[PDB]
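So the structure is just underneath, and the comments pick up after that.
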Amino acid sequence: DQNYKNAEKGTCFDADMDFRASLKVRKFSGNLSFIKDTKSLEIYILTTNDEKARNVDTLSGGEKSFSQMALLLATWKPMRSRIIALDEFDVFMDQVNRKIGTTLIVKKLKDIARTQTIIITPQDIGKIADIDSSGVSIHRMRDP
Amino acid sequence: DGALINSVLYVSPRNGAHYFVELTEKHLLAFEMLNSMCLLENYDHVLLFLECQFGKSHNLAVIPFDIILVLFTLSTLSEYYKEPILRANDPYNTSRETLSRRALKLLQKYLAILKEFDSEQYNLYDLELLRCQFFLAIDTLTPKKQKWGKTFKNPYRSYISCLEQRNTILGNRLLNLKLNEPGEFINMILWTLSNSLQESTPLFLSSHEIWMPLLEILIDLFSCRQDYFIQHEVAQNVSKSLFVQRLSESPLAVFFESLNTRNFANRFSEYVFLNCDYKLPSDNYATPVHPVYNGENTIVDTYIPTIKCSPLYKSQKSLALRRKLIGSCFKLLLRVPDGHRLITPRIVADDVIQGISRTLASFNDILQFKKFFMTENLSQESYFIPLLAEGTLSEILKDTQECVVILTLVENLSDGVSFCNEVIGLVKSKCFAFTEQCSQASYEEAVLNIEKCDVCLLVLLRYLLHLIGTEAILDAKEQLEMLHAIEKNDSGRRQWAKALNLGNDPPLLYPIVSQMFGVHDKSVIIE
Amino acid sequence: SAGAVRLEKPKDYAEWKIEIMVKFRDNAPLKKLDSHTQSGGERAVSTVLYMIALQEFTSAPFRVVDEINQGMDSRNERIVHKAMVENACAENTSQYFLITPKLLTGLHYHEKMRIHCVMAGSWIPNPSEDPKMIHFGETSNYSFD
Amino acid sequence: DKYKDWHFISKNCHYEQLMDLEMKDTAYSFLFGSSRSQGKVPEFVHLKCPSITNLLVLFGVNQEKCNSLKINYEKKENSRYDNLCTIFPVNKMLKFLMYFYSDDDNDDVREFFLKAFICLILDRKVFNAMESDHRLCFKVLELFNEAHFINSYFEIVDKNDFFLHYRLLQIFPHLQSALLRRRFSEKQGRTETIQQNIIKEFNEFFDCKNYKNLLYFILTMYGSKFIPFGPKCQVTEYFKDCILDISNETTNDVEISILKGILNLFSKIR
Amino acid sequence: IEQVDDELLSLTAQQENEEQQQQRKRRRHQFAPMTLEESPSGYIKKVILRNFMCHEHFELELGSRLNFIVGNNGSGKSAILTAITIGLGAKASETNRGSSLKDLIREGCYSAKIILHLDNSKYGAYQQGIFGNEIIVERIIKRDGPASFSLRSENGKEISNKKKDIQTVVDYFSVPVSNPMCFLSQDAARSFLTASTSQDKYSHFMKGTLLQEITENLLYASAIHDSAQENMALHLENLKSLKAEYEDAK
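Residue numbers (the UniProt record's numbering), protein chains in the order written: chain A, 961 to 1104; chain B, 2 to 150, 179 to 556; chain C, 949 to 1093; chain D, 195 to 464; chain E, 12 to 46, 74 to 288.
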């Protein structure tokens, strides 16, 4: 019980810190709360317009998709993995929010050298302006 | 005065606060880490984070105001009545110290750091940020309107505070929320002052370990906030009317507004010296007291009290706390312009002096009187202690002698010759000397009044030495005549001593004056 | 607020006790009336209402209360004044001699009850010399019948 | 081992004599801050307790412990259940001890006083009952040389007893680097650097599976120049790698999980 | 109930076995001082898949830190992830790619080869002296005969053909192949990203971080402990009744 509580507290702290760092990209201030009584994870995000941290459910679809992407990165962070592989995510985000999610993924995963990430997406990354950054490798298959 | 009240280089004044300081990236990251750890109820890691980098580096880790409130709430969770809860929260006590004790130690150490600004030891920006956090915590700790017997605002928009979603730490409500109640702050002060001298083990543990240090920290922080308010919040040059209105809005004015009662002088005098040796005058109504946090008056079976404190130690601590409260009250009173009086608080300096003098003169135990009138530092308590001593001496002379001699010793502290001449005049009238009117049956009460009068005179002499030093004790004939008059008073007391009414020798101040400035009993024991 | 004077009756007859339900403050739980835990104004209003409740049953012609009308936070006193006005609305009720050491702003004055003032003014002539100044705080006397 | 700790005081204090000393100390002719000279108001203290050993006996320390001021690890004196013995307030005891400072005296008396002070401050009961502000403790520490104080402390306690090292750092954080200079001295470490000595100690504790001592060692080392907080440091990364290697999260000692959390927290600190 | 006692004894034996396994493990890092910016070893430099699924032998040189494969959907887009998971070693049911390992082989070909080149030149290498700068993992899947494995080095010397060595190397490199979240398939990514309920987010987070299994094991052990305590109380009552009967017998 003591070991599990220590491990859970450490994992939750790492996830919360990673989520707070991820939300800084969109100029947002966010936090995660884990409740055993409700057995639920609550995300509180404060944007530039509101002065009070509203529930993540009380947000737009793009903000919710960005929060989900940040949660995925914050869940990947606590478990130190040498290799992480992800399939396409273009269908879950539309237009601008998809570009913002791709930018967040590139910014959060290019810096870390301990983890090698393989992202498989059909959308051409070369179209995105954020390809100048070093440490990102694009492997486009010549044969469609 | 010091750099603490006159450092506004990095401040960003706002409508809510004039002391607001913006956060840097490193400080923002530290604030976020502390809030995140507090959210998971990992207080042990929060204390470890604060302690690991304390005093080991040039830079200072600033505690956020919400974390300061969390530490204040933790300080209330004493082991004697919350041992199972603390053990459940931290089954492996790696620090081998109670969370309440660690939080109190951190708060006291940070208060000590805040009191003196060491620009060489710590960067000014960190010190200003810490001052801003403490002032924000004090502003959140504003007392509610007094009852005889808005939830949370975060100035920093960079991070989400932990206190926004929670109102309790470990089953105990936040200290700011508990004190922001109509009948809690005055109740807390009365409870701690009553339990300071209580023999009962649970009541004594409740104050000595929890309320006494927290009250001292709050008084020091309120004094610093009052200094900052007087230095910056005021408009400098004033018509002497707006300044009174601003002083009515001062943090000390709100602090003592919760203790206004019906008559401030008598009720305040009873409150400060509550449960003391003095006989209660005019059968004053008893003041209700209840534990602030659930069973503060109960001791859990697991905890075993293995600490015993002597009555003198408890009395010394209680009288020191009372002196701090009276000093804060006088510090608020001295700023009031002459003639004008504060509107919101019905407080008068003369009324407070008279009430304190009446309470001190009513003491039947000399030990508490000496504890109140003996201070380690004369300069710190120089503004109100001489006034209280003069008032107590005047009242003692009034009750003992039918003739009341007006005392101007406080204004005579500037000139030693005038003070010595006034002392010679008082001793010549025999008001200072033992009164022949007192009967042999009531000799002990007369001795009790005489020793208190001697203590008041000794305090005034110590202040005179602090103001003038030792330069003309024998060079000026007036001081030599004053010492001869003290010897004559000693001979008058020796007349009653030779009367042999009681074996105990009547108290003589000649040895104490000789040690302080009597130059070894003049020529009596110079050889 | 919701409150009832309940008589708890255990098996032993001597163990019967009186319970008072308190709801004026949400924070304060239902418990026996006590000065330390509860505020002075709410406790004063509760005791005054308890005394008013045992008036019709009692055969006493009138009930006198001293140092009760004095202000209690200007809210509990205001609500107790409204309760006293509602009690005075009913006919055949006891007479209360209220005492108001401290004046309260915006006091509600019922038509049934009449205010009496004993204050004297420097401009006002001496009551003995002035025939109409002998009565203090009375308006019906000036009107015929 | 929360209930097992070093206890300098093993007997009930003489309440009446200590109260008499407090009454004499509170009111006296000078009534002024006690100076290091002039005998420290000896006129009454010499009559009541002529020697510091008598004062320690009044505090509740047995004569045998007073004769040898050392922690006996063979007798397990460092790990003992609380004796639940009543003690005088720490401030009064520190003032009484300060009355026996005697700066103008031979080295043996000063060394004995320093060892007695070090044993008293390390006591579990005194540490629990110590005030938040160590004004008297700071004054006593300032009276003696910092190097001399560290040498005396290391003479009293074992070099590998990092639990007492962590307790001392909690009492006196500013001595941390100095304490390390006594534990991992460059001259005594041969050609190896202090960081290499820290790594070797970590490795030996890891191999010995002394998880409690390893946790206290990690708590003591962090915060100094040699092992500073920061995500880029290689030493913290190596420590985390080792902790992740041993940790299984199924049947493991609590110390491993506590070490993992503490190392993660220290790594996150900038 | 004797079954509760049997379960308690089995759990105690399992805990003793687990503590013996914990005692057996040793530290595997020698802390070579060296010099941060440079990536640690163990990343996949290149992957070649011959006769695997739809495409023929293809060479892909993966990057050290971040990779973006732009393969279009319907052109064996998921083949690379499936091949990597199979080569590193994962349960067939966990991958959820293909009905069976036989279907993964290209149609018309009896055998398929998957080759991975893990990097050992950089720091953190596993037995860099024996394996050299690179470790080559080769998996052969055949319709007939069991799948074959070769842990060959750069020169092609096959260090080992067993499954335990691959698991040991993966554990040293800290690759959570057993965790399905580290290698997210299309269905797993869709399930995680579309979660709306707070309970769903909590469940996904706990399952991904491998904390849900620890909670389930702790809950099962707690239930076994409670049942064992109740049976122990019943046995104490029965032992007291037997002691009273034996006192009567005495």
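Here a beta-carbon is modelled for each residue, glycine too, at the ideal position from N, C-alpha and C.
Under DSSP, the beta-bridge partners assigned to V175/E are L154/E. Residue environment analysis places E129/B among the buried positions, since at least 16 neighbouring C-beta atoms fall within 10 angstroms of its C-beta. When 7 Å is used as the limit between beta carbons, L1046/A is near no residue of chain B, the shortest such separation being about 26 Å. For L1052/C, the CB contacts under 7 Å within the same chain, skipping 5 residues up- and downstream, are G1019, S1022, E1025 in chain order. When C-alpha distances from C338/B are compared across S229/B, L487/B, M38/B, the shortest belongs to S229/B. Cβ proximity to chain E below 8 Å picks out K426, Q428, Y432, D435, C436, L438 from the region 410 to 438 of chain D.
Contact between the region 107 to 116 of chain E and the region 137 to 148 of chain E is absent: fewer than three C-beta pairs spanning the two stretches fall below 8 Å. Proximity to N354/D across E216/D, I450/D, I463/D, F411/D peaks at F411/D, based on C-alpha coordinates. Counting C-beta pairs with one atom in each stretch, the region 991 to 1001 of chain A and the region 24 to 33 of chain E have fewer than three that are closer than 8 Å, which means they do not touch.
DSSP places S458/B within a helical segment (H, G or I) once states are collapsed to three.
In the DSSP assignment, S451/D falls within the alpha helix (DSSP H) that extends over 448 to 462. Ranking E176/E, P184/E, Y210/E by CA distance to the CA of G194/E puts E176/E first.
Linking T143/B to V301/B through their CA atoms gives a straight-line distance of about 20 Å. In this structure, the beta-carbon distance from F321/D to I388/D does not fall below 9 Å. In this structure, the straight-line span from the alpha carbon of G1095/A to that of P1104/A is close to 26 Å. Of all C-beta pairs linking the region 70 to 84 of chain B to the region 95 to 114 of chain B, three or more are shorter than 8 Å, placing the two stretches in contact. Non-local beta-carbon contacts of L335/D in its own chain, meaning distances under 7 Å to residues more than five positions away in sequence, involve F343, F366 in chain order. If you check each beta-carbon in the region 241 to 254 of chain B against every beta-carbon of chain D, the ones closer than 8 Å belong to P242.
Counting of Cβ neighbours within 10 angstroms places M1061/C among the exposed residues, the total staying below 16.
Boundaries of the beta strand (DSSP E) around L1046/A: 1043 to 1046. Here the region 75 to 87 of chain E makes contact with the region 1033 to 1046 of chain A; the two share three or more CB pairs at distances below 8 Å.
Rounded to the nearest whole angstrom, the CA to CA distance from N16/B to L232/B is 42 Å. Only exposed fits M1081/C, as fewer than 16 other CB atoms lie within 10 angstroms of its CB. Note: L24/B is not bridge-paired with any residue in the DSSP secondary-structure output. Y164/E places its beta carbon less than 9 Å from that of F211/E. In this chain, the beta strand (DSSP E) harbouring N991/A covers 989 to 995. Just so you know, the alpha carbons of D961/A and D91/B end up roughly 12 Å apart.
Under DSSP, no beta-bridge partner is assigned to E473/B.
Burial state of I333/B is exposed, judged by a 10 Å Cβ sphere holding fewer than 16 other Cβ atoms. Sorting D119/B, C253/B, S79/B by C-alpha distance to the C-alpha of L137/B places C253/B at the top.
Put simply, the backbone Cα of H319/B is about 46 Å away from that of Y405/D.
Residues of the region 210 to 227 of chain E with a C-beta less than 8 Å from any C-beta of chain A: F211, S212, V213, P214, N217, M219, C220, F221, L222, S223, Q224, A227, listed in chain order.
Neighbours of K481/B across chain C, judged by C-beta separation under 9 Å, do not exist; the nearest C-beta is about 34 Å away. Around the beta-carbon of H359/D, 16 or more other beta-carbon atoms lie within 10 Å, marking it buried.
Residue burial is scored here from C-beta neighbours: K179/B has fewer than 16 other C-beta atoms within 10 angstroms and is therefore classed as exposed. Distances from the CA of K182/B to each of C482/B, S386/B, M241/B, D140/B were compared; the closest alpha carbon is that of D140/B.
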